[PDB]
Structure formats: structure tokens, C-alpha cells
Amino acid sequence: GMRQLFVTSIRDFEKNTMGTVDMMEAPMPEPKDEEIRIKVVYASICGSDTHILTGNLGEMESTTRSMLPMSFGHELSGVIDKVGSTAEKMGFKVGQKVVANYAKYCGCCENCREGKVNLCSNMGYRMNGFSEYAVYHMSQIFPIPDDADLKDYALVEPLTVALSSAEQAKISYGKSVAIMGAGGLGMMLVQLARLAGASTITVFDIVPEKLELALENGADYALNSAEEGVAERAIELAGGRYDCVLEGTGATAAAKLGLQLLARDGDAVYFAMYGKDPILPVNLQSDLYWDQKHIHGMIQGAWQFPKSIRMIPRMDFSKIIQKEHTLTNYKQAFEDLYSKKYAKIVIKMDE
């Protein structure tokens, strides 16, 4: 068949070992009538991929180990390789450049039929991004321009997450924006905050190289979230508290700092995957009654793929995609991932 990567182990806390990723052989998949097979050209690696591997997994930890070796990868671009007859009839053709949405909506539960497909009750997940060929239902497949640079469109899915979070934070003309975390999603939020009219953008992180990267992506200020007094410096710099707070570190200290930074009537969005003891103490009197704060979550996003595809030419990923490796050299890619030095890493899957 073909080359595919699988998660072979996850973080073992009672031996102190990290998770592993290994290439195995897999048979060539075949599409049914409504399905489409992609030849994958670029796949990107995500923070959730890293959490599976190096992360603290909750009651969920037993279940996942249950099913290793596990296919993964949900951020990918490539070219249609083969089309079922129904899909051909809906216009999909071999040779079309596309991206795929890992999530399969059932279209016949209540959430689905209220438009809330990201809350689908019979949600399917097709996680074969890190495969040379992958099959999806035609509803998951989205065309992109014929002249598209596939490397950048591999980031379509994480851009949807960033777009949903920005929209949920209500970034708009003249607002001040605080972004917790200078990772890949962070850098996309910086760019999107600019493209939503934000007049002040401040990024917070521990790592100083990443603060420099935030400024390169368009942030006005970039601050160390570990230095004490940081809240007041930040409020000073923005002339007041922040209208929009976006929490992407998944850490409870950043989350609490986010809430503190939030202006009266402001919108805070917690979109990271959180770990153990993930409590945000909200003060009913001061945060809510006196300050009228709005605290939101964010799961998956819905209906964002076409939008995201339209935004790609407005984004500059030369400031976000910081490493590219070949599938052959996947081992180095995952070393780079585990280093946590890089905003986004892509793998070129046909090499």
C-alpha cells in the first residue's frame, strides 16, 4: 500500500516516557460512491497532536491507549486522486487541488439540523492526514484555486479555528486585543486581529523568541506573561483594559491573567485544550455583576472552510510556517515539534 504515520505510544506518567510516532505500511484506501481519495501533498502538525503525545489526557487517557496504533493528522492539502461515481456527479474530478475537513457531520441529528454541526451528536472524525492517500466523504472536501500553493493551504483547518475564535471574541474596528500564547494559532490571531480592525494588539508568552515573532506578525506589543506586574504594563500600553481576550495556551495562569485583562463589557474566548485542574475562578461580583464580562468557549468552528480558503491569500504564512520536512524525514519533524520552538511545522507527503 502506502506510507502512513501512526501514534504508537502516548505519555506514560508512571514510567516518565513521552509518546511516539512511527511510520507503518497501510493499504491503499478505496472510495465508495460518495467518497473521494486525496493524494496528500502537505500535512501540518497541530498542538492537539502534541497533547496526545506529550500531554496529560484525563479519564480519556485509558481509552486512547486502548486503540494504539492510531492514525492521525487533520490539517492537509493535496490533489484528488480518485472519485466515487456520486461525487463525480457533484462535480469533483481527479486533478482538483483540495483541502479536507476531518469532521463528518451526520446531517440528521438535532444539532445538525439546527445548523450547529460542530455539536453533531453522531460526529465522525477522519484522522488520516499523515498518510500519502486518504479518503473522505465528498461533503468534507473543498476545492482551492488551481494555482494555489499547497503548502499554505495545508493551514486551512487551523485558520478556521482562529477565525471562529476571533469572531467569538468580536474583534472589530477600534478594539484592543490580548492574545495569550505566541504559537501558530497565536500568530494567525495576530494577523486576523489586524484584518478585523483592531487598533491595539498585545501578545503574551514566556518565551522571548516567540515574542519577537508576534511583533513580526503585526502585534503592537509583545509581553512576557511570567514577569510580575505584566497586567498593569499591558493595560498602560493599551490605554485601558482589553476588549477582546483570546486564550490559546491551555494553561490556567494565562487564563486567569486573560480574565483580569478583560475590559468591562469585553469578550474573552477560551479555545485551547486544557489539562488537569483546569479551573477558572470567576468572581460573580466583580467580573460579572460590576464588570459585565462575557466569557466564552469555542469547539471546532462551523461553516468556516470556504471563508478560510478565501482568507489564505490575505494571510502571510512565511511568518508562521517555520519548518518544512519530507515525509521521509518525519522523525526530525516530530523532534522539531517536541522542541516546542516552532509556530507551525509542515510535512511534504509525496517526498
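Note that residue numbering follows the sequence shown and begins at 1.
If you average the C-alpha B-factors over 20 to 28 and over 7 to 15, the higher value belongs to 7 to 15.
Here 70 to 78 and 159 to 167 are compared by their mean Cα B-factor, and 70 to 78 comes out higher. Per the PDB record, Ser62 has a higher Cα B-factor than any other of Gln304, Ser318, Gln292, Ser62. When the C-alpha B-factors of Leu288, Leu57, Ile36, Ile309 are ranked from the entry, the top spot goes to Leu57.
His325: CA B factor in the middle third of modelled residues in this chain (values from the PDB entry). When the modelled residues of the chain are ordered by C-alpha B-factor, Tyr105 sits in the middle third. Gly174: CA B factor lies in the lowest third for its chain, per the PDB record. Annotation for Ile144: C-alpha temperature factor in the lowest third relative to the rest of the modelled chain, per the entry. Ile206: CA B factor lies in the highest third for its chain, per the PDB record.
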